[PDB]
Structure formats: C-alpha cells, structure tokens
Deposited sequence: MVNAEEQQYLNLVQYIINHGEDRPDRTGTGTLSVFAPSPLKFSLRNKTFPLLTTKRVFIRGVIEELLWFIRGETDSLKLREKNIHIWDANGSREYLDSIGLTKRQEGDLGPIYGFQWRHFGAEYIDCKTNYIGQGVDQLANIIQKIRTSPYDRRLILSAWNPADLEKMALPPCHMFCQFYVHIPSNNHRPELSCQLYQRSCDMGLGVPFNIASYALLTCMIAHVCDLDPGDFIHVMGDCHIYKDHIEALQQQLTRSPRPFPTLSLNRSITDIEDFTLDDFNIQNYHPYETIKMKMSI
C-alpha cells in the first residue's frame, strides 16, 4: 500500500540492521528499539488489514469486544473459537509465573479490566466489577462528546500496582485519542506498544486498534482520522527471518474498507456481526509459530 510497505521496510530494517537479543521467553530474536512509527489513514472507510499475509481479523474483532466487556477469561474466547489466550492461561503456565492458586483461563487484571475498572481490586475473573475502579473507556467517550479537544484522552492497560497479578503484562499498554476539527470529525489514535512482534503482533494490533478508533469514532459521531503505531522494543524471531523475506518481496495489495453497523448505538453493544469488511484480497496464509 505504501502503508503496508512502510511496514515491510521495517520488517527488513529489523533484519538488515536488527540486533541479536537473548530472549526471556527463551528464543533467538533480532530487534530494533524505538523505530519510526507507522501511520495508517483510516479514511474513506479504509481498514489497515495487512494484505501480505492473512490476518486473523475474526479473532481481532472478537478479542476487542472481549476487551470492551472487560472480560479477563480466555474460556470466553475459547467458547467463540479463539485460542489466542490459551497458553498464557494454561494451568501449567500460570504456575511457571507463580500464579498457582489462580484458576485456569483467568488472565488476571489484563487490558479490558484496566480499561473499565482500573483501580478496582481484582479477585477472580468470574466476578462482576460494575461500579469499581475507573472506567477509562466510558470517560474517553464522554469527554470526546463534551469537550473533544481535551489533551487527556488516555486509554491505558498499564497498572504497575497490578502487574504481578497478570498472566502477562500489557504489551500494547496505552493510546491517546485526538480529534482534529475541520476549518467535529477526524478521530485519530496513537498507541504505544512496549514490545512488538512484527510477524504476528504488529498486524493484529494495527487492525485491533484501527477498529477501536472506528468504533469509538462511530459512537461519537466522528470520522476515523488516521492511526499511528508507536513501538519500543520492536523485534523479529529468527525462526521466521526467511518466512518474512519471501513476504517482503510480495507486492502489497490495497487495504479493504470497514463498514460499521446498521445503526448500532452503544459501543458496549457491538457484535461480530456489526463489523463489515469489504474487498479484502490478501495472499496465501502462512502458519506463524512463536514462543511463550
């Protein structure tokens, strides 16, 4: 796209200029710190769903809703045919990180929970946290309506006071919304990702947050502006270096568009069905492994 390309070039930079870092998850990876952020116009309904490799947008949409509901149980993504949180939730893994009395499938006070109940005291993923902690999302929405120029529209998942309790620390830790009014519309979003996995990570989150912006934009009666991905520890797994170059030689197809609704009116009232993506023409999928 020149959008997705800009991303590809980064997939090459981290390769021809990456850094050999011994990885804690125990794996060989190349990495670059704080490279130049990736921008994606969200205009004309365009949705930045990378074409150079089938992205699991089905899990993306499903996981975002899981986030907004403030749910922290992987079992719920399992009940919907999504196993992206099975590992960091395996009874085995919980133990490795000391969470032994924590029941399986309970990811701790991750993303969503912080999004809607920040300060709230976490205690089991099956409890109802209505009224507890601070609801960033609701606030963000409320503000954008009230006074849209606010410079404090911050959605975060990074709670240092609740880290150990988490099955995995907030990877994409927070984002700041901004709305430029014409000379009203243009809801932009710049998020900060501390650790970025270009192969499976970045793409998924690009779409993940592009929707977020679209959803919140939609509900606030705004147009999505652009989306800029800011990354810190950007990295690539060696066991994929080759499975990235063949991709790099691939020509990026134009991004599809996203059509929200049929007057869905709540944000907390979105369903897999209320999201419509048209003209997605990606290349042949590639089984992406990883590490933990």
query: Chain regions without C-alpha coordinates, deposited sequence numbering; finding: 1-2, 186-188
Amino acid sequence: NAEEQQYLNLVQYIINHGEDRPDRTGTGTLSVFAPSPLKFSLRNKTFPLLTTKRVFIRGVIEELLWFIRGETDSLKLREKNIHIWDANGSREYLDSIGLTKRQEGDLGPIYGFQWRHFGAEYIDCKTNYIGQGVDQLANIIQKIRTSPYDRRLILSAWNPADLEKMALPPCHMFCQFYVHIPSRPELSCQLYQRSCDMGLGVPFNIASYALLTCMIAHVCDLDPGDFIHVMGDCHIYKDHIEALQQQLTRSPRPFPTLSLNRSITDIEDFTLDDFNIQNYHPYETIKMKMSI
From here on, numbers count along this sequence of modelled residues.
item: 161-169 set against 145-153, stretch whose average Cα temperature factor tops the other in the entry; value: 145-153
item: Comparing 66-74 with 263-271, the one whose average Cα B-factor in the PDB entry is higher; value: 263-271
item: Residue of maximum C-alpha B factor among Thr51, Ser31, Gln245, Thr257, per deposited coordinates; value: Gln245
item: Member of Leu191, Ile140, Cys214, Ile181 with the greatest C-alpha B factor (per the PDB record); value: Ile181
item: Third of the chain, ranked by Cα B-factor, where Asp135 sits; value: lowest
item: Within-chain third of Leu187 by Cα B-factor, per the entry; value: middle
item: Chain-wide C-alpha B factor ranking for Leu38, given as lowest, middle or highest third; value: lowest
item: Chain thirds of CA B-factor: placement of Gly26; value: highest
item: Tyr93 - Cα temperature factor, lowest/middle/highest third of chain; value: highest
